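A.B. asks: Got a sequence here, can you model it:
(2 chains)
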Amino acid sequence: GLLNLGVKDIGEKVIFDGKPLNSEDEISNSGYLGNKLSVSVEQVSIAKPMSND
Amino acid sequence: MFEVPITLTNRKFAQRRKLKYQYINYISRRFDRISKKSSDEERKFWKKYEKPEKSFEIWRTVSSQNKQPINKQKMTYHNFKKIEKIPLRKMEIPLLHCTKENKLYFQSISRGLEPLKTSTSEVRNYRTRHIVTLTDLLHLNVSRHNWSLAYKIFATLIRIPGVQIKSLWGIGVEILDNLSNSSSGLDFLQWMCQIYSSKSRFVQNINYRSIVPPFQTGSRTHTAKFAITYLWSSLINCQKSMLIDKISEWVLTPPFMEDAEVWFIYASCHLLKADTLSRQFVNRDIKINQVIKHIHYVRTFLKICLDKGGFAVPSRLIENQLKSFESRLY
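C.D. replies: Numbers count the residues shown, from 1 in each chain, chains lettered A, B, ... in the order given. See the structure here:
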């Protein structure tokens, strides 16, 4: 279906930290942003209408 | 003898769990400050752990990255002697607020000595007392292959206020093994998965008494034992009327998008169609390219059974089953 086929065209949303690891004091210390979300959605499903109580 | 579905609560069993789990914590926080140099007191203790909620026991399989080195640092008397004194000397002030048998219970369970008086004995309530009488004869007559009498015990047991999910769905073979003037047994499993089925998250921080996950509740990431029972027993019954479309539509409506066992049975619905329809009784336009869906539904729903977590299937044998279905397709 078009919904599950559509959630993989808008795939990933990534950020990083402002915090450092305090690693080896190198250019790898400058080349380190932190750790990274890659929050994504790989499935969307519509449920037939029910009732909750 | 048997397990009784009671939320029985006494302060004596509630203080002695409030007494023991206090003593576990000081002697484990003692073991923290020796191994490095070498508030409820129960809600604090379970934050170390992860309750299984699919099983009674968290089974950790061995052939993985759960290997471990042996600590050859054995325990002698001189390590066991002072790691237990100062938590016993720090326990001394609430041990007079407790009863005269709780302090005696405590120093018993300070040195091993697992107890012998079970909570089902000394309740003396007259309402739980007829529960414990009716639960045992319920489990006895089902064990003794007696069904008209167990159906009378179980109709009386569920009408007493205080009973639980425990007795309800497990020994509902009494409708399944009656089959004389029956309500077919599967209408009761439909009663179970219509009122108890909730998709709440297992919150794990509250201390669960009298409701236990692995065999009576149905949270997220844990399909209920009675929900998947109503799946298999309504597919075996669905064969034995020879309605498959009535359940193949019905399984389609929940997206149980975590567990793999409901995807095998959702493949197994179409596998019974591709075995029943592939007869054709000739000795030819739509019946050939309808089964070509039912082969393709078994193949894609078996792959998503493999896509989810651990539930292995004989997918080498099923393709020997499915190709034998193809031999009459051609």
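A.B. asks: switch to C-alpha atoms for all contacts and neighbour counts from now on
C.D. replies: OK.
A.B. asks: Name the SS class of residue A:14, please.
C.D. replies: Recorded secondary structure, residue A:14: strand (DSSP: H, G, I helix; E, B strand; the rest coil).
A.B. asks: hey, where'd the strands end up in chain A?
C.D. replies: For chain A, the strands defined by DSSP state E cover A:12-15, A:37-40.
A.B. asks: Can you give me the neighbour number for residue B:274?
C.D. replies: Residue B:274 has 23 neighbouring residues, counting by other CA atoms under 10 Å in any protein chain shown.
A.B. asks: Using CSV, list the CA coordinates for the host helix or strand of it.
C.D. replies: Assigning secondary structure by DSSP states H and E places residue B:274 in helix B:261-276. Output of helix B:261-276 as CSV, limited to C-alpha atoms (Å, rounded to 0.1, in the frame of the first residue of the first chain):
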residue,chain,number,x,y,z
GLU,B,261,3.7,-17.0,16.5
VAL,B,262,0.6,-15.2,15.2
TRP,B,263,2.2,-14.8,11.8
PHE,B,264,2.7,-18.6,11.4
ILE,B,265,-1.0,-19.3,12.2
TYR,B,266,-1.9,-16.4,9.8
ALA,B,267,0.1,-18.3,7.2
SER,B,268,-1.4,-21.6,8.4
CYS,B,269,-4.9,-20.3,7.6
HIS,B,270,-4.1,-20.0,3.9
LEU,B,271,-2.1,-23.3,4.0
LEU,B,272,-5.4,-25.0,4.9
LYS,B,273,-7.1,-23.2,2.0
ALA,B,274,-4.4,-24.3,-0.5
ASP,B,275,-4.8,-27.9,0.7
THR,B,276,-8.6,-27.9,0.6
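A.B. asks: Say whether chain A is contacted by that helix.
C.D. replies: No - Helix B:261-276 lies out of reach of chain A by CA under 8 Å from any CA of the partner chain, never closer than 16.0 Å.
A.B. asks: Same question for stretch B:206-219.
C.D. replies: No - using CA under 8 Å from any CA, stretch B:206-219 stays clear of chain A, coming no nearer than 15.1 Å.
A.B. asks: how close does residue B:84 get to chain A?
C.D. replies: 40 Å (CA to the nearest CA, to the nearest Å).
A.B. asks: Ignore what I typed, I meant residue B:95.
C.D. replies: From residue B:95 across to chain A, the span is 46 Å (CA to the nearest CA).
A.B. asks: What parts of chain A come near chain B?
C.D. replies: Taking CA under 8 Å from any CA, the part of chain A that reaches chain B is made up of A:45, A:47, A:48.
A.B. asks: what about the last one, how many residues close to it?
C.D. replies: Looking back up the chat, that one is residue A:48. Neighbouring residues of residue A:48 were enumerated by other CA under 10 Å; the total is 7.
A.B. asks: Then residue B:223?
C.D. replies: The burial count assigned to residue B:223 is 22, neighbours taken as other CA under 10 Å.
A.B. asks: How many residues are close by residue 24?
C.D. replies: Since no chain was named, I'll use chain A. Around residue A:24 there are 9 other residues, counting by other CA under 10 Å.
A.B. asks: meant chain B, my bad for not saying
C.D. replies: 16.
A.B. asks: Residue B:162: what's it in contact with?
C.D. replies: Applying CA atoms under 8 Å, 6 or more residues apart in numbering or on different chains to residue B:162 gives the contacts B:5, B:6, B:7, B:128.
A.B. asks: Quickly note the distance from the last one to residue B:165.
C.D. replies: Using CA to CA, to the nearest Å, we find residue B:128 at a distance of 16 Å from residue B:165.
A.B. asks: More neighbours: the two, which one.
C.D. replies: When residue B:128 and residue B:165 are compared for neighbours, residue B:128 comes out ahead with 21 against 17, by other CA under 10 Å.
A.B. asks: and the more buried one, how far is that from residue B:5?
C.D. replies: When distance is defined by CA to CA, residue B:128 is 9 Å away from residue B:5.
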